[PDB]
Amino acid sequence: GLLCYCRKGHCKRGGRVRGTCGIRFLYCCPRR
């Protein structure tokens, strides 16, 4: 939720992965 984004392979403009967005997808949150 929040302002998190699901990106395939690797999150764009963000190195704060929150967890896996399923298979071959990364879910990152710009929190900390």
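Numbers here mean position along the shown chain, with the first residue as 1.
Going by what the header records, the deposited coordinates were determined by solution NMR.
Keep in mind that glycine also has a Cβ here, set from the backbone N, Cα and C atoms.
Among the features that Swiss-Prot reports, disulfide bond is placed at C4-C29, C6-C21, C11-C28.
Mapped onto this structure are the features recorded in Swiss-Prot.
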residue : record         : Cβ within 10 Å
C4      : disulfide bond : 17
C6      : disulfide bond : 12
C11     : disulfide bond : 21
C21     : disulfide bond : 17
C28     : disulfide bond : 21
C29     : disulfide bond : 16
Cα separation, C11 (disulfide bond) to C29 (disulfide bond) (Å, whole number): 9
Inter-residue Cα distance where the pair is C21 (disulfide bond) and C4 (disulfide bond), in Å: 11
